[PDB]
Amino acid sequence: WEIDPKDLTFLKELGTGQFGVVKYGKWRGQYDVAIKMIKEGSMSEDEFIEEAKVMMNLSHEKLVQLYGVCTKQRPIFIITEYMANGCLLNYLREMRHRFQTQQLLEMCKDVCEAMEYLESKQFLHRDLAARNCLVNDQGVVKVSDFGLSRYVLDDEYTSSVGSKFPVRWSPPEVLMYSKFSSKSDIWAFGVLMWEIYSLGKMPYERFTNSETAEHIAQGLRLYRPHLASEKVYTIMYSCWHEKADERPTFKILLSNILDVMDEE
Ligand SMILES: CN1CCC(c2ccc(Nc3cc(-c4ccnc(-n5ncc6cc(C(C)(C)C)cc(F)c6c5=O)c4CO)nn(C)c3=O)nc2)CC1
């Protein structure tokens, strides 16, 4: 599973993530890769090293494939699939694209296909948002950095009160009881569907992070986005039932998105 660090070639800076510097490279001088350079004291290295075994066995076309690790060095490196068009949230905000609703529906299907794969593997993402989704050269949308939230050492991210915590993508049982489940990832999907049809708009945009958690409890749910059909909104709304047991599964939601495009 270990990748040779000298087998990698740094070519361009892909930005900053939770674990620092991310770069574009090439493995063996032919195959494209993304290199996450883990910043000192940002990750639970020990726990991540052991769990990378299970993460590598997860192979779905709409999931950002972890090719391997460089663990016999400081900083340690994570080699993943390269997505040319970058972050889905940034891609949704670029007005130039001038997306059809059929394209936004296709984006949802790409995230849902990946999530049903993760559900069938009893694997939680734990931070499903557009910011953690990527876009390749073919415009194919893929689920990224799934489960890596467990190894984040950063205090502002781990705490439900913190400035980095995914408050807006979180259901009431998470914000209140720290009750993470399949249904907490299910709530996040409805928020991601909203981000897509809202074209990268921030959920609960008018509100502050503190004011978001208060309204979410009172039963305030996201409105119907301008680009969303009545049938498409019924799908994102079904993810936000107060009783987690009443929310559907990624399997059902997948069937839901596919019936909607056959009737688009
Ligand atoms: C003008 N152009 C210039 C190039 C630009 C561009 C930007 C980019 C591009 N590709 C990629 C860019 C990246 C990439 C770059 C920077 N930061 C992150 N990032 N973000 C969030 C994140 C969250 C977590 C938790 C635990 C869940 C909280 C953990 C993480 F480790 C991260 C993390 O690393 C990523 C995603 O891997 N990756 N991968 C595969 C890419 O393929 N490709 C092109 C697009 C605009």
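Note that the numbering runs from 1 along the sequence shown for the chain. One-based numbering, in listed order, for ligands and for the atoms of each.
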> Consider ligand 1: state whether an atom of it lies below 4.0 angstrom from any non-hydrogen atom of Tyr151.
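Judged by the 4.0 Å heavy-atom criterion, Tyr151 does not count as contacting ligand 1.
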> Does an N or O anywhere in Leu14 fall below 3.5 Å from an N or O of ligand 1?
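No; every N/O pair is 3.5 Å or more apart.
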> Would you say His125 touches ligand 1, if touching means a heavy atom closer than 4.0 Å?
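It does not; every heavy atom stays at 4.0 Å or beyond.
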> Quick test of your reading of the model: are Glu173 and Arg247 salt-bridged, counting only N-O distances below 4.0 Å?
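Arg247 and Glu173: salt-bridged.
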> Between the candidates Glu94, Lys142, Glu81, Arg131, which shows the shortest non-hydrogen contact distance to atom 40 (C) of ligand 1?
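Going through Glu94, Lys142, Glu81, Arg131 one by one, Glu81 has the nearest heavy atom to atom 40 (C) of ligand 1.
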> Can you tell me which portion of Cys87 lies within the under-4.0 Å heavy-atom range of ligand 1? Options are side chain, backbone, both, or neither.
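Neither; no heavy atom under 4.0 Å.
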> Measure the shortest side-chain to side-chain distance between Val111 and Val141 over non-hydrogen atoms and say whether it is less than 4.5 angstrom.
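Yes. Closest side-chain heavy atoms under 4.5 Å.
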> Can you see whether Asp32 engages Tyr24 through a side-chain donor-acceptor pair at a distance of less than 3.5 angstrom?
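Distance-only check passes for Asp32 and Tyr24.
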> For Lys142, is there an ion pair with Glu81 - N to carboxylate O distance below 4.0 angstrom?
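Salt bridge present between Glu81 and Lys142.
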> Could you check, using the six-membered ring where one of them is a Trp, whether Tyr223 and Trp194 have ring centers closer than 6.0 angstrom?
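Centroid separation for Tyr223 and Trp194: below 6.0 Å.
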> Is the distance between the ring centroids of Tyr67 and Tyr82 less than 6.0 Å?
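Ring-ring flag for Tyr67/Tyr82: false, centres at least 6.0 Å apart.
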> Under 4.0 Å, heavy-atom basis, I'd like to know which part of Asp145 is in contact with ligand 1: side chain, backbone, both or neither.
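Contact part for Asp145 vs ligand 1: both backbone and side chain.
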> Check each heavy atom of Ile78 against ligand 1 and say whether those closer than 4.0 Å belong to the side chain, the backbone, both or neither.
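It is neither; nothing of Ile78 touches ligand 1.
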